[PDB]
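Got a structure for you, questions after.
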Amino acid sequence: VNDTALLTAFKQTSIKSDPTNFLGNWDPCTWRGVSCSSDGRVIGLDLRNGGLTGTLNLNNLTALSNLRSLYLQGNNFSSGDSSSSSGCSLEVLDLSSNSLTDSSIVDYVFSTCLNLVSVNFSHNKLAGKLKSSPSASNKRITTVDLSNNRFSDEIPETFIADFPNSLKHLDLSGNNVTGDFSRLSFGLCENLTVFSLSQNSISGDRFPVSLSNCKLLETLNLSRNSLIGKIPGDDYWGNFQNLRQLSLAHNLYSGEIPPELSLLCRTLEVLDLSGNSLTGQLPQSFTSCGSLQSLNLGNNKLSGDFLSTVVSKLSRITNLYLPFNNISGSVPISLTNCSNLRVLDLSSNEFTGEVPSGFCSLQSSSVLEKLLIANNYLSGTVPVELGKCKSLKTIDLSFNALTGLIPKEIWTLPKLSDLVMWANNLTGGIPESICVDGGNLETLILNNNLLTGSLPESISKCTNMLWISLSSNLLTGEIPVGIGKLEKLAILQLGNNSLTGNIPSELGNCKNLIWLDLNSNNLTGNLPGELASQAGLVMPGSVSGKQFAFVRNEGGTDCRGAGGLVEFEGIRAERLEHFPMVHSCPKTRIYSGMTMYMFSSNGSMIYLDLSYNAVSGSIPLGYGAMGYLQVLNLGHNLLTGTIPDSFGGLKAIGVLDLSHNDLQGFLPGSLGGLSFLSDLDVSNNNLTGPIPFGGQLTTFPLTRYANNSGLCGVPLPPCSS
Ligand SMILES: *[C@@H]1O[C@H](CO)[C@@H](O[C@@H]2O[C@H](CO)[C@@H](O[C@@H]3O[C@H](CO[C@H]4O[C@H](CO[C@H]5O[C@H](CO)[C@@H](O)[C@H](O)[C@@H]5O[C@H]5O[C@H](CO)[C@@H](O)[C@H](O)[C@@H]5O)[C@@H](O)[C@H](O[C@H]5O[C@H](CO)[C@@H](O)[C@H](O)[C@@H]5O[C@H]5O[C@H](CO)[C@@H](O)[C@H](O)[C@@H]5O)[C@@H]4O)[C@@H](O)[C@H](O[C@H]4O[C@H](CO)[C@@H](O)[C@H](O)[C@@H]4O[C@H]4O[C@H](CO)[C@@H](O)[C@H](O)[C@@H]4O)[C@@H]3O)[C@H](O)[C@H]2NC(C)=O)[C@H](O)[C@H]1NC(C)=O
Ligand SMILES: CC(C)[C@H](C)[C@@H](O)[C@H](O)[C@@H](C)[C@H]1CC[C@H]2[C@@H]3CC[C@@H]4C[C@H](O)[C@H](O)C[C@]4(C)[C@H]3CC[C@]12C
Ligand SMILES: *[C@@H]1O[C@H](CO)[C@@H](O[C@@H]2O[C@H](CO)[C@@H](O)[C@H](O)[C@H]2NC(C)=O)[C@H](O)[C@H]1NC(C)=O
Ligand SMILES: *[C@@H]1O[C@H](CO)[C@@H](O[C@@H]2O[C@H](CO)[C@@H](O)[C@H](O)[C@H]2NC(C)=O)[C@H](O)[C@H]1NC(C)=O
Ligand SMILES: *[C@@H]1O[C@H](CO)[C@@H](O[C@@H]2O[C@H](CO)[C@@H](O)[C@H](O)[C@H]2NC(C)=O)[C@H](O)[C@H]1NC(C)=O
Ligand SMILES: *[C@@H]1O[C@H](CO)[C@@H](O[C@@H]2O[C@H](CO)[C@@H](O)[C@H](O)[C@H]2NC(C)=O)[C@H](O)[C@H]1NC(C)=O
Ligand SMILES: *[C@@H]1O[C@H](CO)[C@@H](O[C@@H]2O[C@H](CO)[C@@H](O)[C@H](O)[C@H]2NC(C)=O)[C@H](O)[C@H]1NC(C)=O
Ligand SMILES: *[C@@H]1O[C@H](CO)[C@@H](O[C@@H]2O[C@H](CO)[C@@H](O)[C@H](O)[C@H]2NC(C)=O)[C@H](O)[C@H]1NC(C)=O
Ligand SMILES: *[C@@H]1O[C@H](CO)[C@@H](O)[C@H](O)[C@H]1NC(C)=O
Ligand SMILES: *[C@@H]1O[C@H](CO)[C@@H](O)[C@H](O)[C@H]1NC(C)=O
Ligand SMILES: *[C@@H]1O[C@H](CO)[C@@H](O)[C@H](O)[C@H]1NC(C)=O
Ligand SMILES: *[C@@H]1O[C@H](CO)[C@@H](O)[C@H](O)[C@H]1NC(C)=O
């Protein structure tokens, strides 16, 4: 069994597709990825990020006597057959991004491979219970990563303790293992420095006693579990005098923050206690945390002035997160003593007074990059002092009581990227010098304000723009044709304004545009057929992964628009349920989550609301070829002609509103082939003929077909009579 013949047997038997031609040219040492030794023996195979699809069995590779390195991460390997039985000489194994399902591969590596130093099985589909620890004859294994898998049910009481004593890194995150945490033994746990059980279903009101033995622990991560009770205090945290990162986030902890947790402050660098029910405040004992960089206490019940009495004394604070708490009063000015503060998050609190701006007038140039104070009761004007924070990339002051004009110093911040100040009473207009003297923005979200004037053509310079929302303002003028230069623009909302002129044809050059909302304006002209010119070609973009909320208007056509999409970072859902904009429609429901594309390529527009305008002419036939289009609202216009039969191609559509127009002719029969169509309204037209019998069209209420010119058939009186 020559080494050269094994790799060939691996390529043919296991690999089933090589679109990169990276495995071509397969002497054993000249082969791609295969790193040789001097004596001619193979010692490593590096095929990372090679787009390889096939079934893997390690025995067909461990048969190589001198193989000590195997990198197969970033591929599409499935689980293979048991096949053969050979000895293993691996010291490093990497299977991080594959589709491995059989967990027996871990049992083999833990039973054989006695010289293994590090193994990564992360981000696979390995299923089943955790059973076996690495062999006791293995004296070298240090780091083991089994994270982001589908392991199930309880963890063995001695699973961790049975690991060799040389263990340093153990990651068990991203699974659904269960069990009372107090019954899990860590053993002696000598040399362990990194341990994580994050994102599982672990329970219990006590920590296991053995955990105190890990005197060398440097990162303890227990986030997104079901630990309950009070945070351990007293002398417990003195056991970990090397601990740099502690995370107990998104558990069921309650009570106050133990002052005795400050025993980590000689070394603690990162703390995350967010997503709990903690009350009170950060204890004064934490003034001795001179190494603390990231403090995250969001989504708790903390209150008081601890921001000034404690936090300001943290010299090395760089990332401070305290959103979704009960902190009232003004934002303390002493917070500027944090000379290294880069990110400050105080959203969803009871803060009052003026916007904090002292960070920028420090004796040294401020490094502040993100300021987020949404959903508070801040009042006054946007302070001009923020212009001195030249490192700012994100300003989020939405859902406050701010008033007045937006100062010119904001539109000139060189590095500004996200300007989010919707849900205020801000006035003024958009400068003509946006994104040319100032930063090339990614998001301009200023809807629900009192802004005036017309959108400048200088917006064409914001080539990086991803999301524009200026709905429900006092805007006037025409839609600038320069919007077509924004080929990354994904979301554009301009509803409930007084826009005039045509719908520019240049919108068709927005390569990534998926959401267009121009309802309740004064637009005229014809529907541009170019709006569908990007169908089947839309690529996803950096607009994915942003917090959003959708308020569905469940009142039919009487309610203006099909709904409201809003950026929702740092805002409580309750603050939206009581926003009078929500009550504009008698019936509403609040959908919420994170922006996520439902296609990987070759997509189309997703949301198109052009209702309540004076658009004339016929519906372009190309509009029916938008396969991912989920909402199409053209109601209350002066549209003419027939409904295209191409509309049978709106496979994803759930809402289709064509009411209050001058549309003529028959309802396309293909509308019955739309399996998701749950909201149709073609009332108040000159439509005639039978109502399509397929799909769900025969079930909609009578109100959805009324006031037409000879419609017949269920739910209407039958056509033959
Ligand atoms: C202990 O182990 C944990 C793992 O078990 C570690 O937790 C991970 O930390 C990572 C740190 O990088 C996080 O990755 C970054 O995340 C953010 C997005 O963060 C927000 O969303 C996350 C997702 O929430 C969904 O999923 C969870 C559960 O999975 C649900 O509970 C949520 O409800 C939600 O589910 C919805 O959405 C999904 C998806 O659609 C749906 O399926 C659901 O139905 C729902 O709709 C969430 O995990 C984040 O939580 C973090 O932040 C919270 C608020 O701060 C805090 O409460 C949490 O504790 C947690 O804290 C971590 O982060 C904060 C700071 O944010 C730190 O203070 C703290 O120490 C922790 O680190 C949060 O809610 C995203 O911005 C990032 O994406 C950037 O980076 C990637 C590369 O990684 C790029 O591809 C992206 O494009 C993007 O890049 C930007 O930035 C780059 C530089 O940074 C730059 O180069 C780029 O140009 C670009 O600007 C990251 O992906 C990870 O999310 C988080 N995972 C979990 C499960 O918590 C934890 O860090 C570790 N702790 C320690 C101390 O070691
Ligand atoms: C910008 C974009 C990427 C966003 C963030 C995207 O990810 C979202 O998932 C949207 C595409 C999702 C989020 C909420 C959804 C709506 C729920 C309520 C009704 C329910 C009806 O039955 C029909 O379905 C029509 C309806 C209006 C739905 C249309 C599609 C929406 C808007
Ligand atoms: C990764 O490999 C898997 C098989 O292990 C591929 O999944 C199959 O893909 C075909 C289309 O090529 C589908 O018809 C099958 O239904 C899929 N099978 C399963 C079990 O999912 C998968 O497409 C590959 N992914 C890549 C190369 O990105
Ligand atoms: C801390 O703030 C939260 C959020 O505002 C308060 O919880 C709200 O309490 C009101 C009381 O009328 C309820 O109507 C809301 O539904 C609650 N919201 C949530 C998300 O629970 C809480 O009361 C505040 N705590 C104190 C002591 O004032
Ligand atoms: C468009 O936005 C304006 C913003 O003014 C909305 O006007 C509000 O209408 C409600 C109706 O109940 C009144 O209570 C408010 O006082 C009005 N506000 C102002 C500032 O005048 C208008 O309703 C919005 N239209 C749509 C269709 O959303
Ligand atoms: C933009 O359109 C609105 C809505 O039609 C116009 O305002 C309405 O004008 C009619 C004229 O009969 C009045 O009866 C309504 O009371 C007005 N308001 C509403 C909410 O319908 C507005 O004049 C138009 N503006 C421009 C500049 O053309
Ligand atoms: C999906 O999109 C791709 C990528 O655009 C299309 O294929 C290529 O498109 C580019 C221009 O975008 C052309 O230069 C190439 O010649 C196309 N290659 C082909 C067709 O093999 C692809 O056609 C799209 N597929 C659809 C809409 O079904
Ligand atoms: C069909 O058209 C009729 C006639 O316009 C509508 O009835 C009108 O309803 C409005 C609003 O409720 C009233 O102000 C008018 O006085 C009504 N007109 C008459 C003659 O009674 C009816 O609502 C329309 N039906 C649908 C489903 O849109
Ligand atoms: C490994 O080799 C054996 C023996 O020829 C063969 O039966 C098996 O299919 C191979 N496994 C893989 C995954 O190619
Ligand atoms: C593990 O810890 C023990 C006891 O301190 C020590 O003998 C051994 O050298 C350590 N191993 C490693 C690899 O650090
Ligand atoms: C994860 O485990 C918990 C506790 O056993 C269980 O309630 C939950 O349904 C599991 N989730 C999945 C997706 O199997
Ligand atoms: C504008 O000011 C009024 C004053 O009564 C306030 O009720 C309203 O909420 C403010 N607008 C916004 C969007 O917060």
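The residues of chain A that appear here are 31-56, 63-757 by Swiss-Prot count, in order.
Recorded method is X-ray crystallography, 3.2 Å.
Note that Cβ sites are derived from N, Cα and C of the backbone, with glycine treated the same way.
Pulled these features from Swiss-Prot for this protein:
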CARBOHYD  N32  N-linked glycosylation site
CARBOHYD  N96  N-linked glycosylation site
REPEAT    102-123  repeat 'LRR 2'
CARBOHYD  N112  N-linked glycosylation site
REPEAT    202-224  repeat 'LRR 6'
CARBOHYD  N212  N-linked glycosylation site
CARBOHYD  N227  N-linked glycosylation site
CARBOHYD  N257  N-linked glycosylation site
CARBOHYD  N362  N-linked glycosylation site
CARBOHYD  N373  N-linked glycosylation site
CARBOHYD  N461  N-linked glycosylation site
REPEAT    524-546  repeat 'LRR 19'
CARBOHYD  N532  N-linked glycosylation site
REPEAT    548-570  repeat 'LRR 20'
CARBOHYD  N638  N-linked glycosylation site
REPEAT    640-662  repeat 'LRR 21'
CARBOHYD  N743  N-linked glycosylation site
MOTIF     748-755  motif 'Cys pair 2'
Within 10 Å of its Cβ, which one of these glycosylation sites (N32, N212, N257) has the largest number of other Cβ atoms?
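The residue with the densest Cβ neighbourhood is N257.
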Which glycosylation sites, if any, among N32, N227, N638 have a Cβ under 6 Å from ligand 10, given in order along the chain?
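Cβ < 6 Å from ligand 10, in sequence order: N227.
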When you measure from each Cβ to the nearest atom of ligand 8, which of the glycosylation sites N532, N638, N743 fall under 6 angstroms?
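So the answer is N743.
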So if I take the glycosylation sites (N96, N227, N362, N532, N638) and measure from each Cβ to the nearest atom of ligand 3, which come out below 6 Å?
none
Could you tell me the whole-number distance in Å between the Cα atoms of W56 and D63, where 6 residues in between were not modelled?
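Taking the Cα of each end residue, the distance is 8 Å.
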When the number of other CB atoms within 10 A of each residue's CB is tallied over all shown chains, which of the glycosylation sites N362, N373, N461, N638, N743 has the maximum?
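Neighbour-count leader: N373.
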In the three-state scheme derived from DSSP, which category covers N743 (N-linked glycosylation site)?
coil
Could you tell me which of these glycosylation sites, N112, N227, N532, has the greatest number of Cβ atoms within 10 Å of its own Cβ?
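Per the Cβ count, the most surrounded site is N532.
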Where does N532 (N-linked glycosylation site) sit by DSSP, helix, strand or coil?
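Where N532 (N-linked glycosylation site) sits, the three-state DSSP reduction gives coil.
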Given the glycosylation sites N32, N96, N227, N461, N638, state which is nearest to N373 (N-linked glycosylation site) when distance is taken between Cα atoms.
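Checked the glycosylation sites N32, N96, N227, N461, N638; minimum Cα distance to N373 (N-linked glycosylation site) goes to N461.
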With DSSP as the reference, give the number of residues of the repeat 'LRR 20' (548-570) in helix, strand and coil.
4 helix, 4 strand, 15 coil
Hey, which bits of the same chain come close to the repeat 'LRR 20' (548-570), Cβ under 8 Å, at least six residues off its ends?
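Distant contacts of the repeat 'LRR 20' (548-570): 507, 515, 523-541, 576-577, 579, 596-598, 601, 633, 639-659, 661-662, 664, 669-670, 675.
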Using C-alpha atoms only, work out the spacing between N227 (N-linked glycosylation site) and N461 (N-linked glycosylation site) and round it to an integer in Å.
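That comes out at 58 Å between the alpha carbons.
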According to DSSP, collapsed to three classes, what secondary structure does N373 (N-linked glycosylation site) have?
helix
Restricting to the same chain and to residues at least six past its boundaries, which positions have a Cβ under 8 Å from a Cβ of the repeat 'LRR 2' (102-123)?
33, 44, 69, 71, 73, 77-96, 129-138, 140-141, 148, 151, 156
Checking proximity to ligand 7 here: which glycosylation sites out of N96, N461, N638 have their Cβ closer than 6 Å to it?
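Close enough to ligand 7 are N638.
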Which glycosylation sites out of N373, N532, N638 lie by ligand 5, going by a Cβ under 6 Å?
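Only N532 meet the Cβ criterion.
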